[PDB]
Number of protein chains: 2
Amino acid sequence: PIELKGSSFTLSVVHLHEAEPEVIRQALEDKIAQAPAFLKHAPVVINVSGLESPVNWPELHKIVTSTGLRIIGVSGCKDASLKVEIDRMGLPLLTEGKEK
Amino acid sequence: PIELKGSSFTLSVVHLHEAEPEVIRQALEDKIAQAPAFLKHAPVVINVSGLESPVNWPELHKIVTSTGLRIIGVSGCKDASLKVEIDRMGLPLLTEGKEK
């Protein structure tokens, strides 16, 4: 009645780099206008490896979703208390594979 | 400030087969007890290709999440009104790749 399998999926990953909350919002909006086919309502993994601790995750989360991007999970997290904040929302942490 | 990339992820996929709502719940619980490491709170893609139209998605959704599985997206959907019901929740439809 129920079967558990592994599978490869090709997901879009938004690599965030250290910047002011308003600069991030602006950059995301500009990218959605530039690439509407790829980014309008896009389900995405958020890569936070380019961010510097401490990350204000409730704020960043609200900025990303405010743009319509649907956050699948978060990759590149090393910081322990950033992990706690991500789990509090119940978002998966994910491990990336080869570029696709 | 922001970079868009493609990447491969290996996600767990729960292949659902046509069965009574209560039989599905039972099977999911048994699988969580059998394989707790792989399935307790597991983020998962739900494959509905083994299901027969019409699917009662609000009901099935509530049964799957009731067990603690976190639904990443849904794969194998062909039925058009099942797609509508899935989008109403804002869940991504996903395309599977090679077994991993």
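Structure determination for this PDB entry is given in the record as X-ray crystallography, at a resolution of 2.200 Å.

Peer 1: Can you explain the environment of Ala27(A)? Please cite residues and give values.
Peer 2: Along the chain, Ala27(A) turns up in helix α1 (residues 21-34). A sequence separation of eleven residues divides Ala27(A) from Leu16(A), and the C-alpha atoms of the two residues are 10.0 Å apart. Ignoring anything within four residues of it in the chain, the contact list for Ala27(A) reads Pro1(B) and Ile2(B).

Peer 1: Break down the relation of the copies chain A and chain B for me, citing the residues and quoting the values.
Peer 2: For these two chains of identical sequence, chain A goes onto chain B by a turn of 180 degrees and a shift of 0.0 Å along the axis, with RMSD 0.0 Å. The relationship between the two copies is best expressed as a two-fold rotation axis. Identified as the residue of chain A closest to the rotation axis by C-alpha distance is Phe9(A), at 2.6 Å. Most of the interface of chain A is mirrored in chain B, where 100% of its interface residues are also at the interface.

Peer 1: Which residues make up the pattern of salt bridges, and what are the values?
Peer 2: Residues and elements named next belong to chain A. Under the defined criterion, the tally for this structure stands at four salt bridges over all chains. Residues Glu-22 and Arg-25 are paired through a salt bridge, measuring 3.4 Å at the closest nitrogen-oxygen approach. Taken together, the residues span about one helical turn, with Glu-22 and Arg-25 both in helix α1 at a distance of three residues. Residue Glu-22 is classed as exposed on the basis of its relative accessible area, which comes to 52%.

The rules we used
- Residues numbered from 1 in each chain as written, not as in the entry; some residues may be left out.
- Chains lettered and ligands numbered in written order.
- Heavy atoms only, no water.
- Residues with missing side-chain atoms left out of burial classes, pairs and counts.
- Helix = DSSP H or I, 4+ residues; strand = E, 2+ residues; numbered from the N terminus.
- Contact = heavy atoms within 4.5 Å.
- Least-squares fit on C-alpha atoms.
- Salt bridge = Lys/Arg side-chain N within 4 Å of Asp/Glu carboxyl O.
- Buried < 20%, exposed > 50% of the residue type's maximum accessible area, 1.4 Å probe, protein only.

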